[PDB]
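Here are the chains, one letter per residue:
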Amino acid sequence: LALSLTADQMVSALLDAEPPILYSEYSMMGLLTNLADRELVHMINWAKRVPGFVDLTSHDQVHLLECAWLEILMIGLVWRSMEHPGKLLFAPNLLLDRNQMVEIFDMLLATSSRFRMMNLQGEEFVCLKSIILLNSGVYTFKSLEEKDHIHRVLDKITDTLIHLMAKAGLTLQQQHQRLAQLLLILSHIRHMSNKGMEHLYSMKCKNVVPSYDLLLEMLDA
Amino acid sequence: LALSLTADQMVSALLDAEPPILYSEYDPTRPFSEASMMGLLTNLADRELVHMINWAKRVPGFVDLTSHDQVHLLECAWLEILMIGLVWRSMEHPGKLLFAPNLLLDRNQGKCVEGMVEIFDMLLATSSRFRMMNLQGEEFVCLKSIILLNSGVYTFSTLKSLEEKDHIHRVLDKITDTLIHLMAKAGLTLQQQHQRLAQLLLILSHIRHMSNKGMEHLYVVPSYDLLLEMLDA
Ligand SMILES: O=S(=O)([C@@H]1C[C@@H]2O[C@H]1C(c1ccc(O)cc1)=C2c1ccc(O)cc1)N1CCCc2ccccc21
Ligand SMILES: O=S(=O)([C@@H]1C[C@@H]2O[C@H]1C(c1ccc(O)cc1)=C2c1ccc(O)cc1)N1CCCc2ccccc21
């Protein structure tokens, strides 16, 4: 069914699957871990709604989640903070400036400024967040049939991004230029995820990273 | 004048700029130890680096940047650039990484450095992906230039600094134009063109991942001062 969707159907699906913006519950690391943990529960249920994701085996679903989770968290943060220059909107009651580790903060800030400079639209945002889910773990995996399916869904999402842009009036040159601009930021999101994951470790927080079994269990629930 | 180039002139510039293929040390002691394999790899990478700076200086637009920004882009990109070169050299050697014509390593050989094998498998997967896609040489040089300009652009305050970033993004747009031109010229439909562009750019995210994972183990890394001195020479 996912491969028969039109660009409008794809966008409508992803917009309806969007998680809500959560609040923090009242240390800073404690507040952020608690927020991320509640965000993770919504992310599984969002992932199940990304067209094509539930066609994969449970093992492959876990592997993609297991690789994309912090990138998804981060891209959501950068989206939330777009309209707050100089600050990261972890939650509406948890808005941070740099003075409040700083290297990654600055990288997140730069990404928000870039989305702002590009006038990133929410319909584009949801497509990119789906791309991360399906792409981040695909090169590190039935497996053949599974990878083929993932790449066909990814092509569907490209088509949808191009359709969105054409509908907005972008020339053909502009469509491809913007498509390349958006995807290249995904290489910066990966970078930031890997450094975040390195920073979690150096803070002695290797325990907050969701394990394969946690994801599998959350997904079977 | 970099942004005045046509697509055909960009491809020609990038092809002419390609670095040479170097050899590894001749007849090393085999089987390798951890230390010895690392030694060989470090020595090869150190010598590749010099030619990488020569190549970088010929990537259109690169020398319009300040020396400080040129070094910053190379600090961020060098390992990704070495890795994409490795993956390209290895396309026609499934299951194997052609570090040099005289250093062709399979997976079991990666195990000799604890933790290496996981990056080894990622590199082999990327080479299989390029084979599956029938990556063309002209496309490869465009990709490798994208990594140089993009990897460090987001971590550059002043009018000049915004002009530097704007210049980088404009050159990146030109290379996008060039990739599309190559694809259209090959006969791909518009739909195919956009799909193939996305597929190529998404592989860049994986190469970044591998570079992050390998840099972690490096912690060998070329210093700011080394790169600056090489750039002025
Ligand atoms: O890289 S960080 O360690 C990590 C990435 C991002 O910020 C942190 C975090 C997180 C993830 C899962 C955890 O269990 C706990 C924390 C992130 C995050 C959380 C929710 C969200 O919706 C989006 C992103 N980091 C650097 C910059 C600022 C900062 C301040 C305090 C502590 C850490 C950091
Ligand atoms: O990703 S790795 O860090 C990096 C990729 C490739 O293998 C390594 C290497 C390299 C780079 C610079 C060095 O000074 C030394 C080694 C590589 C290399 C790639 C292209 C090229 O043209 C020349 C060298 N890595 C995996 C394999 C074994 C290994 C063992 C210990 C820690 C890391 C790794």
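Residues numbered from 1 in each chain as written, not as in the entry; some residues may be left out. Chains lettered and ligands numbered in written order. Heavy atoms only, no water. Residues with missing side-chain atoms left out of burial classes, pairs and counts.

Asker: Describe the overall build of chain B, naming the residues involved and giving the relevant values.
Answerer: Along the backbone of chain B there are nine helices and two strands. Going residue by residue from the N terminus, the α and β elements of chain B occur as α-α-α-β-β-α-α-α-α-α-α. A globule of 233 residues ought to have a C-alpha radius of gyration of about 17 Å, and chain B, at 18 Å, matches this closely. The dimensions of chain B, computed from C-alpha atoms along their principal axes, are 50 × 45 × 30 Å. (Helix = DSSP H or I, 4+ residues; strand = E, 2+ residues; numbered from the N terminus. Rg over C-alpha atoms; globule rule 2.2 N^0.38 Å.)

Asker: Before we move on, could you go through the overall build of chain A and cite the residues and values that matter?
Answerer: When its secondary structure is counted, chain A shows eight helices and two strands. From first element to last, N terminus to C terminus, chain A shows the α and β order α-α-α-β-β-α-α-α-α-α. Principal-axis analysis of the C-alpha atoms gives chain A an extent of 50 × 40 × 25 Å.

Asker: For the site of ligand 1, give the residues involved together with the corresponding values.
Answerer: All names here are of chain A. The environment of ligand 1 is formed by 17 residues, the closest being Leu32, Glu39, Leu73, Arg80 and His199. One of the side-chain N or O atoms of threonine 33 is found 3.5 Å from an oxygen atom in ligand 1. A distance of 3.0 Å separates an oxygen atom of ligand 1 from a polar atom in the side chain of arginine 80. Computed on the free molecule, ligand 1 has an accessible area of 650 Å², of which 98% lies beneath the protein chains in the complex. When contributions to the shell around ligand 1 are tallied by element, the ones reaching two or more residues are α2 (28-47), α3 (58-80), α4 (102-118) and α7 (172-202). Tallied by class, residues from the shell around ligand 1 come to twelve nonpolar, three polar and two charged. (Near = heavy atom within 4 Å. Polar contact = N/O pair within 3.5 Å; in protein donor to acceptor, adjacent residues only side chain to side chain. Areas by Shrake-Rupley, 256 points an atom, 1.4 Å probe, with all protein chains shown as cover. Nonpolar A, V, L, I, M, F, W, Y, C, P; charged D, E, K, R; others polar.)

Asker: Pulling in residues and values, what's your account of the nonpolar core?
Answerer: Ranked by size, the top nonpolar core spans 147 residues in total, and within it A:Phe53 and B:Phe62 carry the most contacts. Those residues within four positions of A:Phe53 in sequence are excluded, and the remaining contacts are A:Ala47, A:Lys48, A:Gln61, A:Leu64, A:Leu65, A:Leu133, A:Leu134 and A:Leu219. (Core = buried A, V, L, I, M, F, W, Y, C linked by side-chain atoms within 4.5 Å. Buried < 20%, exposed > 50% of the residue type's maximum accessible area, 1.4 Å probe, protein only. Contact = heavy atoms within 4.5 Å.)

Asker: Give a description of helix α9 (residues 224-232) of chain B that names residues and reports values.
Answerer: All names here are of chain B. Within the span of α9, buried status applies to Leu227, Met230 and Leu231. Down the axis of α9, the sector holding all buried residues measures 100°, keeping them to one side. Opposite the packed face of α9, turned more than 90 degrees from it, sit the exposed residues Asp225, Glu229 and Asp232. Those residues of α9 hidden inside the fold are in contact with α2 (34-57) and α3 (67-89). (Arc of directions from axis to C-beta.)

Asker: Could you give me a rundown of the side chain of A:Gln175, with the residues and numbers involved?
Answerer: Structurally, the position occupied by A:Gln175 is in helix α7. Apart from the residues lying within four places of it in its own chain, the contact partners of A:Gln175 are A:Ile162, A:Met165, A:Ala166 and A:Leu170.

Asker: Tell me what's going on with the interface of chain B and chain A, and back it up with residues and numbers.
Answerer: Between chain B and chain A, the contact holds 29 residues from the first and 29 residues from the second. Taken together, both faces of the contact between chain B and chain A bury some 2800 Å²; the carbon and sulfur share is 60%. On the chain B side of the contact with chain A, B:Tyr154, B:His194 and B:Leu202 bury the most area, a combined 24% of that side's loss. At the junction of chain B and chain A, the tally comes to 16 residue pairs in polar contact. Mapped by element, the contributors of at least two residues to the side of chain B that touches chain A are α5 (116-133), α6 (137-150), α7 (159-186) and α8 (190-218) of chain B. For the side of chain B that touches chain A, the element with the most residues is α8(B), which contributes 16 residues. When the residues that make up the side of chain B that touches chain A are grouped by side-chain class, the tally is twelve nonpolar, twelve polar and five charged. (Buried area = accessible area lost by both parts, 1.4 Å probe.)

Asker: How would you sum up the pairing of strand β1 (residues 87-91) of chain A? Please name residues and give values.
Answerer: In regular strands, side chains alternate between the two faces of the sheet. Residues and elements named next belong to chain A. By the criterion of burial, β1 is predominantly enclosed, with four of the five residues buried. Bridge analysis of β1 against strand β2 (residues 94-97) gives four bridges, and the strand direction is antiparallel. The residue bridging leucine 88 from the neighbouring strand is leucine 96, located in β2. (Pairing = 2+ DSSP bridges.)

Asker: Describe in detail empty space enclosed by the protein, supporting the description with residues and values.
Answerer: Computed from the structure, the largest cavity encloses a volume of approximately 60 Å³. Lining the largest cavity, in full, are A:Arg114, A:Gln177, A:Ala180, A:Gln181, A:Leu184, B:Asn150, B:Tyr154, B:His169, B:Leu172, B:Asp173 and B:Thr176. At the level of secondary structure, the elements contributing two or more residues to the lining of the largest cavity comprise α7 of chain A together with α7 of chain B. (1 Å grid on protein atoms, 1.4 Å probe; cavity = no way out; pocket = protein on both sides within 12 Å on 5 of 7 lines; lining within 4 Å. Points joined across faces, edges and corners; volume = space filled by probe spheres on them.)

Asker: How would you summarise the environment of A:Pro92 if you had to cite specific residues and measurements?
Answerer: Considering the arrangement of structural elements, one finds A:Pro92 in the loop between β1 and β2. For the pair A:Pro92 and A:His59, spaced 33 residues apart in sequence, the C-alpha to C-alpha distance is 35 Å.

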